Amino acid sequence: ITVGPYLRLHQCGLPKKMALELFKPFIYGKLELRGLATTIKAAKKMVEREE
Amino acid sequence: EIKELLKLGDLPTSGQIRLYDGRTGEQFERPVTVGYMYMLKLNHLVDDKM
Amino acid sequence: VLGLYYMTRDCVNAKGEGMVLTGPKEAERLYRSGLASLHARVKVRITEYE
Amino acid sequence: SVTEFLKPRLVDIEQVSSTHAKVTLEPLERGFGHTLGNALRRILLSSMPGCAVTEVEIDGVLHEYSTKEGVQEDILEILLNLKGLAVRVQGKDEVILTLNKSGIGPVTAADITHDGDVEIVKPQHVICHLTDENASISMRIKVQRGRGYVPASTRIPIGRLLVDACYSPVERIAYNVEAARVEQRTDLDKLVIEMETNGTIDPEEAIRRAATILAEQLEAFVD
Amino acid sequence: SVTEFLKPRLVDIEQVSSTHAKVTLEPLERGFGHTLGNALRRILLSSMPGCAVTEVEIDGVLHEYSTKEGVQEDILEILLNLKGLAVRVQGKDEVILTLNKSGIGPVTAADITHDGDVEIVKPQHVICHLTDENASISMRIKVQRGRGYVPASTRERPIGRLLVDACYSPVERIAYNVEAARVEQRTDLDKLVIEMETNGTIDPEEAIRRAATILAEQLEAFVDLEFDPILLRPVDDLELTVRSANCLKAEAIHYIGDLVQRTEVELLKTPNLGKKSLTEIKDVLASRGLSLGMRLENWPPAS
Amino acid sequence: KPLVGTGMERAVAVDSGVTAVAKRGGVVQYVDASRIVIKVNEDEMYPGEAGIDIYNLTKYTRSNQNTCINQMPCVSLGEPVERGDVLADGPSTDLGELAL
C-alpha cells in the first residue's frame, strides 16, 4: 500500500492488473453481452491476449 | 568540527538553506535542511508481493 | 495538523499588521500577492450563520 | 513529430452565477497545467487594468477615527462599503462624484449624482445608514484608473481619508490540476480554473484578457 | 501609459564556456520577471529536443552481460559510456556511425568514422580502453532525434543488437534572477537574467525562442474560449430447408442474430413449425458454433 | 562509496572473500575485464619457477538469493602492487571499501 493524497473519502486506488484478474467472470459476461465473443472460449482467449 | 568544515567549504553553518518551489517559483517561508544521506534499497520488491 | 496549526497563528508586528479587510477573499488575495503575511493581525468583516 | 504538443479539446464552462465561473481544459502535456495555471493566476491577480475609488472627503469628519452623528455605522465601515464599489469609467482616467442625501434609511449607490460617462454596476450596493430624521450626509469620492492592488499604507490635506485601491476586477481566482488520459498515453494533465469577478467584466473576458496580455509579452521571441 | 506594457527584448548573450551561457531580457514591467522566468525554466527543462544514441552493435558480443577479450570495460559499462555521447545531427532524424580501433590505448569519441552532417562536440569523451596490442573493436552506433526520456523497455530483433535508454533533453540545469533595470527615467522596471547549463548541442538563442514559441502556442485555447461478422450474415446463408425458411420468414427473422436471440420454448410454440424443423435449425446453428438462447444488447446494429 | 563512514569498511570488504587480493607483489603484466596476470617480483619468487600469478575473475554468477556476483578490475596496466592489495572489486565494493 502507498498513499494517495488526491482521493476522496470513499475511493481507493487499485492496480489494473489485479482488477483484471479479480473481475474476470464479470468481464466474460460483459464481453458476451455485446456480441464481441459469441462463445466462452472466444472471450477467454480475448482476455488472455489482453486486447 | 562539522561547523568548521562547513565554513571551509563556504556553506551556511546552521546547515539550512533557502529552497524554492518547483511549480510556482515561490520561496518557502522558512529555511530548509538539505544534505547528503546514504540510502539503501532493501530486498522487498513490489514485483514479488502483488 | 501541522499545516492547520501553522496557518492559524499570530505574530507581533508582521507584514501587513493593522489593516482592514472586506472578507476572507480579500485576505487570500493579499496573501497570494505577497502584500501581507499569514500571521498578520487584521480586522476582517465576517458573516456567520446561526 | 518532435515540435507537436497536445492541445485542449474539451473546454467546458459552468457558470455558477453571473460573476462566478468554472472552466475545464483537457488534455494537456505533463507539467503544462501548472505552468499555464500559475501564469494566468499571477497575471489576473497582480496586473489587470481597472478603475477604483482612491480617496474620500466628508465635511463633518476631520480624522479617520472621528464619529459622525446620525449614521448607524462608523467611518471605517463607510470606507469598507466604499472600497467594494464597482464602477466603470469610459471617458477619462480621473473622476469626482458627490453624494448628498438626507432622511432616514439606507443610503445606497443609486443616490450618487448620476454622471453619464461613468456607470455604477450595482445601484443596490449599500453605502451607509441614516438614523436621525434630521440627518444629512455629504461627501465627495475620487475615482482613478490603475492596475492591480495598491494598499493605502504605501502612499503615506485635512479630511483626505485614504482608501485601499483595488483596480483589478478579479475578486478571487483559484486553479487545480488533475489526471487525464488519452487511450495510450495516461500521464496527462487536466486544468480546472474557478474565478469570481466584481461584475465589471465576466470571467471569460478576464481569462481572455489575461491570455492576451501574456501573449503580447512574447512577440519578440515567437518564430 | 495606464494600459501599455513595455515588451521585453533579448539584449545580451554571454558565453562563459561551451556548456554555460547567460541570457538577458529587458525591460520588464513589475510582476513579469518571475512570471516569465518560471514558465521559461519549466519549458526549457521539460521539452527541449535533442539527439541520442539508441542502439549499439558490437561484432563479437551477443549480450550486454558478457566481456570481450582485450577490453578492460564490461559491455554494460561501454553502453553506459555511450549513453552520454553528445552528438549533433544536422539534416536527417537518424544516422548510423561506425567506430573502428586497434592497438593499445584509450578509445575515445575522436575515433568515430568521419561524417559530414554529424558533429561531435566532445572529442575527448572516453568510450573504452584496449590493453592488448593485437586487440581491436568495431561497432555500429545508432543516433536519432527526439525529446524527453524514452526507456528501452517501453519501446524479431537479431541476436547481438543491444538497446540503450534514450535521454534526449540537452539542458542540464536552468536558473534565473531578477535585477533592477536602469532604464532612462524610470525605476520600476526589472531585468531578467537566465543562466543555462547544457551539454553543448543546442544554441541558447534557439532554446529561448523554442521555449517562447511553445508557450505562445499553448496559450491559444485560452484566447479562443461492432458485432461478430457471423451475426451479420443473412439467415439465407444457412442451408435451411424450405419449410424451416418459410416458417422463419413468417416470423420476420432475416439475420442470424435475430434467430440466435430466440429461445427454444418460443420457437416450439411457433405455428407450422414442427419439432423436426427446430432440431434441424439447432443442427445448422451448432455446426457453425452458435446456439439458441443467447442475449445481445443494442440490437439491431442499425444496418 | 559512503560519503560519511566509520573506517570499518575496508576490514569488512577485505576480510569477506569477495575481492581478489594479490598473493605476492609485483607489476601488472596483463589486465583484462576477465583476468589479471601479475609478474611477481624477483625476491619473492621460488627457485625453478616462472613467477606469475593468474587471477580469474567471476563474471555474472548466481547467488543463493538469485542476485548477481560480478568482479571488476581496479588496477591499470604495468603498475606496482604489493602483497595484500586489492585487484578486483566484488559486489558492493568501491576500491576496496564496502559500499551498500
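Entry numbering is not used for residues: they are numbered from 1 along each chain in the order the sequence is written, which may differ from it, and residues without coordinates are omitted. Chains and ligands are labelled sequentially in the order written, the chains with letters from A and the ligands with numbers from 1. For these chains, which sit within a larger assembly, all listed values pertain solely to the part presented. Values shown for side chains rest on all heavy atoms present in the structure; no hydrogens or waters enter the calculation.

- cryo-EM is the method the PDB entry lists for this structure, together with a resolution of 3.1 Å.

**Here we look at the overall build of chain A**
- Numbering goes from the N terminus for both helices and strands, where a helix is a DSSP run of H or I of at least four residues and a strand is a run of E of at least two. Per the secondary structure count, chain A includes three helices and zero strands.
- Element order for chain A, N to C, with α for helix and β for strand: α-α-α.
- Against the globule reference of 10 Å for 51 residues, chain A gives a C-alpha radius of gyration of 15 Å, more extended than a compact globule.
- Viewed in the frame of its principal axes, chain A has a C-alpha envelope of about 45 × 20 × 15 Å.
- When accessible area is computed with a 1.4 Å probe and restricted to protein chains, residues below 20% of their type maximum are described as buried, those above 50% as exposed, and intermediate ones as partly exposed. When the 51 residues of chain A are sorted by exposure, 16% land in the buried category.
- When charges are counted, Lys and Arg contribute as positive and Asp and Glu as negative, whereas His and the chain ends are disregarded. Here the site of a charge means NZ on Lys, CZ on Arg, CG on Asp, or CD on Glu. Here chain A carries 10 positive and 5 negative side-chain charges, and the mean point of each set is 5 Å from the other. Based on C-alpha atoms, the radius of gyration is set beside the globule rule, defined as 2.2 Å times the residue count to the power 0.38.

**Structural notes on the overall build of chain B**
- A count of helical and extended segments in chain B gives two helices and two strands.
- Listed N to C, the secondary structure of chain B is α-β-β-α in terms of helices and strands.
- The C-alpha atoms of chain B give 17 Å as radius of gyration, which overshoots the globular expectation for 50 residues (10 Å, by more than 25%).
- In terms of principal-axis extent, the alpha carbons of chain B reach across some 45 × 35 × 15 Å.
- Buried residues in chain B amount to 4% of all 50 residues.
- Methods summary: accessible areas were calculated by the Shrake-Rupley approach with a probe of 1.4 Å, and residue burial reflects only the protein chains presented. Carbon and sulfur atoms form 57% of the exposed surface of chain B, whose accessible area is close to 5,000 Å².
- Mean positive and mean negative side-chain charge positions of chain B (7 and 8 charges, respectively) differ by 3 Å.

**Side note on the packing of aromatic side chains**
Residues and elements named next belong to chain E.
- Whether two aromatic rings pair depends on their centres lying within 6.5 Å, for rings of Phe, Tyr and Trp, where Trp uses its six-membered ring; planes under 30 degrees apart make the pair stacked, over 60 edge-to-face, and the rest tilted. For the structure shown, the criterion picks out five aromatic pairs over all chains.
- An angle of 70° between the planes, with centres 5.6 Å apart, marks the rings of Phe5 and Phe32 as edge-to-face. One end of the pair, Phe5, is in the segment before β1 (9-15); the other, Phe32, is in the loop between β2 (20-28) and α1 (33-46), with 27 residues separating them in the sequence.
- For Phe5, a relative accessible area of 18% gives the class buried.
- According to the relative accessible area criterion, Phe32 is buried, its value standing at 1%.
- A ring pair is formed by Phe227 and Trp299, whose centres lie 5.1 Å apart and whose planes are at 80°; its orientation type is edge-to-face. Of this pair, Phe227 sits in the loop between α4 (220-224) and α5 (242-249) while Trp299 sits in the segment after α8 (275-288), and the two are 72 residues apart along the sequence.

**Focus on the pairing of β1 of chain E**
All names here are of chain E.
- Criterion used throughout: strands pair if DSSP finds at least two bridges between them. Direction of pairing for β1 relative to β2: antiparallel, over a ladder of six bridges. If you follow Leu10 over to β2, its bridge partner there is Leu25.
- Counting the residues between successive antiparallel strands, the hairpin from β1 to β2 contains four residues.

**Observations regarding the sheet that holds strand β11 (residues 161-163) of chain E**
Residue and element names in this part refer to chain E.
- If you trace the four strands from one edge of the open sheet to the other, you get β5-β9-β3-β11, paired in antiparallel fashion. A strand with exactly one partner marks an edge of an open sheet, and here the two such strands are β5 (94-102) and β11. Across this sheet, the average inter-strand angle for adjacent strands is 30°, counted without regard to direction.
- Note: strand β3 (residues 50-58) against strand β9 (residues 136-146), eight bridges, orientation antiparallel. Note that in β9 the partner of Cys51 across the bridge is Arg145.
- By definition, residues are in contact when any of their heavy atoms lie within 4.5 Å. Convention adopted: a line fitted to C-alpha atoms gives each axis, helices being fitted over their contacting stretch, and angles between N-to-C directions are expressed from 0 to 180 degrees. Its contacts with the sheet put helix α2 (residues 75-82) on β3, β9 and β11, and the angle it makes with β3 is roughly 160°.

**Digging into the side chain of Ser47 of chain D**
- Locating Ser47 of chain D in the fold gives a position in the loop between α1 (32-46) and β3 (49-58).
- If sequence neighbours within four positions are ignored, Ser47 of chain D has contacts with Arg42, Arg147 and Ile213 of chain D together with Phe5 and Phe32 of chain E.

**Concerning the interface of chain D and chain E**
- The partner chain E presents 38 residues to the 47 residues of chain D that form the contact.
- For this analysis, a salt bridge means a side-chain nitrogen from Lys or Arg found within 4 Å of a carboxyl oxygen belonging to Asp or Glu. Inspection of the region where chain D meets chain E yields one salt bridge.
- Any pair of N or O atoms that falls within 3.5 Å is considered a polar contact. Within protein, one atom must be able to donate a hydrogen and the other to accept it, and sequence-neighbouring residues count only if both atoms are side-chain atoms. Where chain D touches chain E, the interface holds 14 residue pairs in polar contact.
- If you list the elements that add at least two residues to the side of chain D that touches chain E, you get β2 (20-28), α1, β9 (136-147), β14 (188-197) and α3 (203-215) of chain D.
- We call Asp, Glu, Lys and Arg charged. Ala, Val, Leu, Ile, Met, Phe, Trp, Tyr, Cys and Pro are nonpolar, and the rest, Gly among them, are polar. Here the side of chain D that touches chain E is composed, by residue class, of 26 nonpolar, ten polar and eleven charged.

**Remarks on the nonpolar core**
- The biggest cluster of nonpolar side chains holds 54 residues, and the ones touching the most others in it are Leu44 of chain D together with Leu44, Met48 and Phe222 of chain E.
- Setting aside residues no more than four positions away along its own chain, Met48 of chain E makes contact with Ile43, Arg147, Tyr168, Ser169, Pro170, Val171, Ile202, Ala207, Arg210, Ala211 and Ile214 of chain E.
- Residues belong to a common nonpolar core when they are buried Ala, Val, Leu, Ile, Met, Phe, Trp, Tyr or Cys residues joined through side-chain atoms within 4.5 Å. Ranked by size, the runner-up nonpolar core spans 30 residues in total, among them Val56, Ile58, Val89 and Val107 of chain D.

**Concerning the pattern of salt bridges**
Residue and element names in this part refer to chain D.
- In total, this model carries 44 salt bridges over all chains according to the counting rule given.
- Ionic pairing is found between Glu29 and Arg185, a salt bridge with its closest N-O pair at 3.0 Å.
- Judged by its relative accessible area of 10%, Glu29 falls in the buried class.

**Examining a negative patch on the surface**
- Within this analysis, patches are made of residues with over 30% relative accessible area and no salt bridge. Like charges are joined at 9 Å or less; nonpolar side chains (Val, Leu, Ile, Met, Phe, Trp, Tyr) at 5 Å or less. A surface patch of negative charge is lined by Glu4 of chain D together with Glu217, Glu220 and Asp224 of chain E.
- Positionally, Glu217 of chain E belongs in helix α3 (residues 204-218).
- A relative accessible area of 32% means that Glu217 of chain E is categorised as partly exposed.

**Considerations on the packing of α1 of chain E against α3 of chain E**
Residues and elements named next belong to chain E.
- Where α1 meets α3, the axes come as close as 9 Å, and the angle between the chain directions of the two elements is 105°. What the angle tells us is that α1 and α3 run roughly perpendicular. The segment α1 lies against α3, with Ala39, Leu40, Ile43 and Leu44 engaging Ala207, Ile208, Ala211, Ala212, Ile214 and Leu215. Roughly parallel covers angles under 35 degrees, roughly antiparallel covers those over 145, roughly perpendicular covers 65 to 115, and oblique covers all other angles.

**A word on the environment of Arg24 of chain F**
Residue and element names in this part refer to chain F.
- One can find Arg24 in the loop between α1 (9-14) and β1 (26-31).
- For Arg24, the residues in contact, after removing those within four places along its chain, are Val40, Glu44, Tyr46, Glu49, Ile52, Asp53, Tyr55 and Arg83.
- Separated by 3.3 Å, the side chains of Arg24 and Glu49 make a polar contact.
- Side chain to side chain, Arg24 and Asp53 meet in a polar contact 2.4 Å long.

**Quick notes on the sheet that holds β9 of chain D**
All names here are of chain D.
- Taking strand neighbours across the sheet as the criterion, the four strands line up as β5-β9-β3-β11 in an open arrangement whose pairing is antiparallel. The open sheet has two edge strands with one neighbour each: β5 (94-102) and β11 (161-162).
- For β5 and β9, the ladder comprises nine bridges, and the chain directions are antiparallel. When the bridges of β9 are listed, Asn100 appears paired with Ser138.

**Side note on unusual backbone geometry**
- Across the junction of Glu26 of chain D and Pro27 of chain D, the peptide omega takes the value -5°, indicating a cis bond.
- Within the element layout of this structure, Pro27 of chain D appears in strand β2.
- Of note, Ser92 of chain F is a non-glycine position whose phi angle comes to about 60°, a positive value.
- In this fold, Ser92 of chain F is placed in the loop between β8 (88-89) and β9 (93-94).

**Side note on the packing of helix α2 (residues 24-33) of chain A against helix α3 (residues 40-49) of chain A**
Residues and elements named next belong to chain A.
- Two numbers describe how α2 lies on α3: the axes approach to 10 Å, and their chain directions differ by 120°. Considered as vectors, α2 and α3 are oriented oblique to each other. For the element pair α2 and α3, the recorded crossing hand is right-handed. Here α2 contributes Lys24, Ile27, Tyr28, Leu31 and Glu32 to the contact with α3, which in turn contributes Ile40, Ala43, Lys44, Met46 and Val47.
- For the contact of α2 with α3, the class distribution of residues is seven nonpolar, no polar and three charged. Helix crossings fall into two classes, left-handed where the near helix is turned counterclockwise from the far one by less than a right angle and right-handed where it is turned clockwise.

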